[PDB]
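A short write-up of the structure that comes next.
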Amino acid sequence: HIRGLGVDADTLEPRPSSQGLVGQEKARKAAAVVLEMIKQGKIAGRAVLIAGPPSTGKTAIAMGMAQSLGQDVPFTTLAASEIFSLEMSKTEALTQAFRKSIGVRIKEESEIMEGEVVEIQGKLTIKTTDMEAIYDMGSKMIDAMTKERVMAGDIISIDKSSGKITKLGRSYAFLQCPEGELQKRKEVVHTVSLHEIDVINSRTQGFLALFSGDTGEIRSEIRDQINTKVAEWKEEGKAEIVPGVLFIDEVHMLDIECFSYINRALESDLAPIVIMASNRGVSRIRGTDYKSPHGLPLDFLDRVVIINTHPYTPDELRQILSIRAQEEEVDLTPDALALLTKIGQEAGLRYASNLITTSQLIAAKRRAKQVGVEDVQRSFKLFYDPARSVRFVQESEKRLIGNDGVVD
Amino acid sequence: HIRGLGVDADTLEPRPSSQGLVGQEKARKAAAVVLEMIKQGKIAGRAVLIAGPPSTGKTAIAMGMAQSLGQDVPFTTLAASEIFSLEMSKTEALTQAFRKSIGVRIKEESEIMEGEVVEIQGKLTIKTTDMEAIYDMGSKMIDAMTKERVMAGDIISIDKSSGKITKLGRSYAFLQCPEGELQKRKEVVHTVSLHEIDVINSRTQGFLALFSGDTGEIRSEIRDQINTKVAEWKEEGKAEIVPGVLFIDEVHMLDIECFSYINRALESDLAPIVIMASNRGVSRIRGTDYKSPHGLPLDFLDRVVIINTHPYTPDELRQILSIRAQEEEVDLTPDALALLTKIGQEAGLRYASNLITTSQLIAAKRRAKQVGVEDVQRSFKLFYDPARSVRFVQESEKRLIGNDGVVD
Amino acid sequence: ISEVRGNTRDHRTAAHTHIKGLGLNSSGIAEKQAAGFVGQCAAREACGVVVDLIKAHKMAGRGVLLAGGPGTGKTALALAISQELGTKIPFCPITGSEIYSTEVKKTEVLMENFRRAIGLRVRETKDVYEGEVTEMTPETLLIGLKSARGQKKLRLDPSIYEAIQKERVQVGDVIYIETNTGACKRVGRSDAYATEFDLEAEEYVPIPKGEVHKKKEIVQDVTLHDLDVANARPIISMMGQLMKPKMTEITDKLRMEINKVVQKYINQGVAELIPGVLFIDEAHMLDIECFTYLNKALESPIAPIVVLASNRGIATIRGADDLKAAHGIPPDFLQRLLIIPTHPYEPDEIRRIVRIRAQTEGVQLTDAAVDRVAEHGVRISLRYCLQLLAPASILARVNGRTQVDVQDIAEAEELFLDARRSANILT
Ligand SMILES: Nc1ncnc2c1ncn2[C@@H]1O[C@H](COP(=O)(O)OP(=O)(O)OP(=O)(O)O)[C@@H](O)[C@H]1O
């Protein structure tokens, strides 16, 4: 869905809606400066901080930071809460996160399936200008291209070694059909993260891992075999270490012991771009008795580079909800989207996005091809936003204000 | 001492003083309804809660609940504080309590000593209409029948397998002397609790257990042998599982982890009748940050069935102290008991009961067969009640009010 | 798996046996009085939409939150969500306080409850052919089987002929063959040709009971936890057996043996696993480490529907350095679910509920007694007044009556007082 950063190459002035990104020009222009600061070597071992109101495309801006660095640089999302797990030490939880960010570039010989598609757990048939063949769909392969939104007639390249499907284009509404036989083994660059090499070489996770058993805690013995092989590949010239970008969300939740590890991992010359994201104005530090602005220690605030996102305008919100409406395959009347964006004004964007999927089912029961205002007004009255739900409980708990207008 | 519940069979209207129970009609009538609620299957897996002022026969009402269920149903008293032990996990402390409540009925062949007694560490002689024999008293046997208050001339039945002495009656002030020889082996029903089977099959506790060593923590290996044998006896038809009654006192002291176990043990189809007892009006929950009425979690109060005891009237208190006076073998003047009950009005019943044993020794030093008012007035002035003792310390610590009448 | 029987905590759902589901018409609008429900139209319709979202597979990493006071139809609506999803679906009602255990971890108890919310629908129809072997060679094989009470000869298909040649056969061998792509052989095994000289042999198998041809019908509806609790034993007594503090019978390695056999039954197409509903009351009581387990749980496709309920407005996040949030749910998990508000019932609505519960429990009562008990449903909670039905029926039976009157219900309040009134009386 997200194409890139959506900024000008020379002037670095961002477009209102470009490269899968909508609005937030101030933050995206500041994001473009940070990328240039690292490239010139001006900023060395410095974290980024995307502060702002909730649901202001904070993940998307950092997703833009990734694609604008290199062709295949690793980007990983980590919520600060996910670190505090019942089984897996918060050290291993953070080590996995950093290893998910650092990748290695190796040129490998692997077969790539290239050709036009003729669509139907299932069976999807492929075609070339010379040969035709039927292929039974794998359970994980179905979930892989549905996220890519692959339709019949599309020209695609499926690398069998990685499993990634890449949309090269289309023959009819354009790129023409490939000549030879589908599977062709070529010298292609493979970028696999350190954590992925660990999970490949370590014991395969059995079906229903959350049902019972230990988490993805990679053994120190296995990780050693990978680290020593990567170090041997660096010297040989076989592998090229590429530092990606780690995105940390809910940063206020991080303990003082986490920040000491983050700086220890940031100390390395091949450290990734650590992007922090705080949705809070004023928050206390965890582990430390003292309070701070975004929940960062007195030492981190001076090192970090802060960027601020702003609240979306009704016109900025207009397309965001329509893009999400098309992605969820729903058809709305112009009045309904205007109402849905009006919800996004006082209540959150995320709450308004939830009302999209709920209104579709009520419209399905009415048997209509257009989701209208009365269909949206229902979802708002059936399902409450956090601020309204708490208001509902508070009044039911104790009647704070009487009929007379007297308090208590 | 306690004969039963002391209630009518048909109308369920309790008598003022019957079956070893005095007063508390409101609570005893409510107790009788609960028993009928379980019998009809109306109440399924529901705890009882005897709330009220301290020393209002809360143990006695629950003791009445037991005897009114079945002939030999197990009843066990447990104070919430006793669970938090220095050696023995509070899980084992609670498992022992529940196993003390569940019993098994097996018909066994065992000799029972039946005959008249001619009384004297000691030596008590027995007699029948056909034979006469002398028997040396065992240290534990002396303590067993002194609690039963066995006097010379009484007709008793001593089951040698259990060790329990049962008063069948008397020949002279009536039941006549048994015919044959004393020891007769008959097919009698034996009801021994799960915990008692564990303590019988496990290693025998050596003399002076509190002097040193681990507590009565029954090994998981021993408990397994009993559980598997009981399960094998249920299928055979040899044993009949009988769920007794567990009495939990000082309930406000229980942790959130205890209530989760109580509900887990209450979940069983063969679970005992869990009776809770709170002497507090408003008390905070332990383990949980929130406060509640009797110290029970927000989830327990709705499941539990609450019964309330009331403060005893001077006429209700009149016989309670006289019953305890006879039990402790003391002789009081009518004026002294009137004074002792007057103590029980402002100060507790338990404090007034303590003044009975203390006044006897002062009367013994005066060499009198009647304990009078001046004998009771002494104990009150020598020994202070909790509310008076704290008052005494507070004034000695800091003179809160001066001679002028000025505070601070 | 046939021997495995489902053990369910019926005491939790005992107060809701009067509810048959969710009362709503074809368009989706809730009825005034249907499926054992009175009022709560707004909340009924709201979760009446979430059931369709599950069926349409549009609940991508989503849950439900029931916001409202005590006795506002919260636990009741959760049971309705299961009842409307399908037939013989798992409904696991928990309270945040249950997680707070002494021996097991905060999620070792939350794990088994998730296993108690994911079921298995079995529909296996097998054609049994048990007995000895009496070989005949036709043009593709004739074998005569001998059972304890029957004898039959059958002309086998050429498909079985290839399968029998792989696993060595001789005349006088006890066999278990299936028409539904099944091959199983017991080489030389027969109790008929067993001498009393050898005891430690065990190489022989007894003659199969009944007839050779048997039609085995297997229709099983059990949760994942039922498979774990039945395979833990080295089973009728187990429904009342739990007296052990450690509870070391369920180990991670035992669950792996269940996960592999369940996967094998899915691959064969014999039985598919169906996710149900996990209900969590006192949602605010849950630790921050529990919510992160739930975040990981909701992302899985096998996961059941996580329905939470919170009676609190603003509550501190458990497991965090005092952070006040809505209903005590952290932001990370608050956005993850949609909130459904549950409205309190007015006195007129309360007496309509009483008449439904009394009819189910089997308690006959006068019209005036319903009014007096509804007055306690508005002054005190809905649970307390509903609890007065059982003791008052006993008080009436004692008085010789079947119909419960005001005088009988007046004594019930005198004998059995609520947690609020019992506290204030002590002073
Ligand atoms: N709308 C209703 N129609 C019929 N019965 C109802 C209705 N709402 C609540 N009840 C009944 O009230 C009784 C007690 O309430 P219950 O314990 O279920 O509270 P709840 O709101 O469902 O959940 P919580 O325990 O979280 O308050 C139950 O028998 C329940 O079915």
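In the structure tokens, each chain is lettered A, B, ... as it comes, each chain's residues begin at 1, and ligands are numbered from 1 in order of appearance.
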_Can you work out which residues from chain C touch chain B at a cut-off of 9 Å (counting only C-alpha atoms) and hand them back as a count of residues only?_
48
*Can you list, as a PyMOL selection string, every protein, DNA or RNA residue that comes within 10 Å of stretch 331-348 of chain B when you count only C-alpha atoms, leaving out same-chain residues fewer than 5 positions away?*
chain B and resi 53-56+311-322+325-326+353+355-356+359-360+368-377+380+384-388
Dump as a PDB file, in the first residue's frame, selection limited to C-alpha atoms:
```
ATOM      1  CA  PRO B  53     -20.317  -8.707  65.500  1.00  0.00           C
ATOM      2  CA  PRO B  54     -17.423 -10.668  67.154  1.00  0.00           C
ATOM      3  CA  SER B  55     -18.224 -13.706  69.403  1.00  0.00           C
ATOM      4  CA  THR B  56     -21.830 -14.195  68.111  1.00  0.00           C
ATOM      5  CA  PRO B 311     -25.707  -8.730  69.255  1.00  0.00           C
ATOM      6  CA  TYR B 312     -26.912 -10.953  72.160  1.00  0.00           C
ATOM      7  CA  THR B 313     -29.469  -9.467  74.617  1.00  0.00           C
ATOM      8  CA  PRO B 314     -28.647  -9.485  78.428  1.00  0.00           C
ATOM      9  CA  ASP B 315     -31.098 -12.440  78.772  1.00  0.00           C
ATOM     10  CA  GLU B 316     -29.427 -14.284  75.798  1.00  0.00           C
ATOM     11  CA  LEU B 317     -25.996 -13.567  77.400  1.00  0.00           C
ATOM     12  CA  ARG B 318     -27.365 -14.783  80.810  1.00  0.00           C
ATOM     13  CA  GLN B 319     -27.374 -18.513  79.947  1.00  0.00           C
ATOM     14  CA  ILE B 320     -24.250 -18.475  77.615  1.00  0.00           C
ATOM     15  CA  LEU B 321     -22.013 -17.426  80.555  1.00  0.00           C
ATOM     16  CA  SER B 322     -23.795 -19.924  82.908  1.00  0.00           C
ATOM     17  CA  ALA B 325     -19.518 -21.575  84.043  1.00  0.00           C
ATOM     18  CA  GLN B 326     -20.729 -25.220  84.426  1.00  0.00           C
ATOM     19  CA  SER B 353     -15.825 -15.533  79.518  1.00  0.00           C
ATOM     20  CA  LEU B 355     -13.238 -13.162  83.692  1.00  0.00           C
ATOM     21  CA  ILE B 356     -14.980 -16.457  84.734  1.00  0.00           C
ATOM     22  CA  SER B 359     -12.434 -14.844  89.340  1.00  0.00           C
ATOM     23  CA  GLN B 360     -12.494 -18.550  90.399  1.00  0.00           C
ATOM     24  CA  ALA B 368     -15.405 -19.710  99.247  1.00  0.00           C
ATOM     25  CA  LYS B 369     -17.752 -22.188  97.458  1.00  0.00           C
ATOM     26  CA  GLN B 370     -19.636 -19.240  95.833  1.00  0.00           C
ATOM     27  CA  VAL B 371     -17.983 -16.753  93.394  1.00  0.00           C
ATOM     28  CA  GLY B 372     -19.549 -13.342  94.206  1.00  0.00           C
ATOM     29  CA  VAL B 373     -19.669  -9.720  92.913  1.00  0.00           C
ATOM     30  CA  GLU B 374     -16.483  -8.555  94.764  1.00  0.00           C
ATOM     31  CA  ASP B 375     -14.701 -11.599  93.205  1.00  0.00           C
ATOM     32  CA  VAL B 376     -15.819 -10.565  89.643  1.00  0.00           C
ATOM     33  CA  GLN B 377     -15.207  -6.779  90.254  1.00  0.00           C
ATOM     34  CA  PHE B 380     -12.389  -6.488  85.789  1.00  0.00           C
ATOM     35  CA  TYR B 384      -8.440  -5.003  81.112  1.00  0.00           C
ATOM     36  CA  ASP B 385     -10.493  -5.481  77.913  1.00  0.00           C
ATOM     37  CA  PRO B 386      -8.892  -4.471  74.517  1.00  0.00           C
ATOM     38  CA  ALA B 387     -10.807  -1.112  74.360  1.00  0.00           C
ATOM     39  CA  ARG B 388      -9.780  -0.204  77.974  1.00  0.00           C
TER      40      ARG B 388
END
```
_Using only C-alpha atoms and all ligand atoms, which residues of the polymer chains come no farther than 8 Å from ligand 1? I'd like the answer as a count of residues only._
36
*Quick one: pull the distance between atom CA of residue B:69 and atom CA of residue B:38, Å, one decimal.*
9.9 Å
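Nearest residue to residue C:381, choosing from C:94, C:350, C:222, C:118 and counting only C-alpha atoms: C:350.
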*as JSON, numbers by chain, which residues of stretch 240-399 of chain B does DSSP assign to strand (DSSP E or B)?*
{"B": [240, 241, 242, 243, 245, 246, 247, 248, 249, 255, 273, 274, 275, 276, 277, 278, 283, 284, 286, 291, 292, 294, 305, 306, 307, 308, 332, 371]}
Residue subset to file, keeping C-alpha atoms, as a tab-separated table (two decimals), in the first residue's frame:
```
chain	number	residue	atom	x	y	z
B	240	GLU	CA	-19.07	-43.32	49.40
B	241	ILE	CA	-17.65	-39.77	49.01
B	242	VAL	CA	-19.37	-37.37	51.45
B	243	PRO	CA	-18.77	-33.58	51.03
B	245	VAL	CA	-18.36	-28.32	55.47
B	246	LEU	CA	-15.32	-25.98	55.55
B	247	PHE	CA	-15.50	-23.01	57.93
B	248	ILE	CA	-13.23	-20.06	57.05
B	249	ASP	CA	-12.83	-17.37	59.76
B	255	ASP	CA	-5.38	-12.92	49.44
B	273	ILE	CA	-20.10	-26.40	51.84
B	274	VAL	CA	-17.74	-23.39	52.13
B	275	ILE	CA	-18.85	-21.14	55.01
B	276	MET	CA	-17.08	-17.76	55.28
B	277	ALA	CA	-17.09	-15.61	58.46
B	278	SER	CA	-16.42	-11.84	58.56
B	283	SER	CA	-12.39	-3.89	54.80
B	284	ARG	CA	-9.92	-3.66	51.84
B	286	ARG	CA	-5.46	-8.14	50.08
B	291	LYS	CA	-11.67	-1.89	48.60
B	292	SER	CA	-14.89	-3.96	49.19
B	294	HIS	CA	-16.31	-7.78	53.92
B	305	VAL	CA	-25.09	-16.14	50.19
B	306	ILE	CA	-24.87	-13.69	53.15
B	307	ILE	CA	-26.35	-14.43	56.64
B	308	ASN	CA	-26.12	-11.91	59.53
B	332	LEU	CA	-21.54	-18.24	90.87
B	371	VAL	CA	-17.98	-16.75	93.39
```
*Which of stretch 236-311 of chain B counts as helix (DSSP H, G or I) under DSSP, as a PyMOL selection string please?*
chain B and resi 236+251-253+256-266+300-303
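Going from atom CA of residue A:252 over to atom CA of residue A:290, you cover 13.0 Å.
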*Find the distance between atom CA of residue B:210 and atom CA of residue B:97 and write it in Å to one decimal.*
19.2 Å
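Nearest to residue B:183 of all the residues B:128, B:76, B:101, B:357 is B:128, based on only C-alpha atoms.
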*asked:* So that I can check the surroundings of residue B:2, please list as an NGL selection string every protein, DNA and RNA residue that reaches within 7 Å of it, counting only C-alpha atoms and ignoring chain neighbours fewer than 6 positions away.
replied: :B and (19-21)
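Proximity to residue C:253 at 12 Å, evaluated using only C-alpha atoms and with sequence-adjacent residues fewer than 2 positions away removed, yields residues 206, 211, 212, 213 and 214 of chain A; 228, 231, 232, 248, 249, 250, 251, 255, 256, 257, 258, 259 and 260 of chain C.
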_Top pick for closest residue to residue C:413, considering C:160, C:29, C:396, C:373 and counting only C-alpha atoms_ = C:373
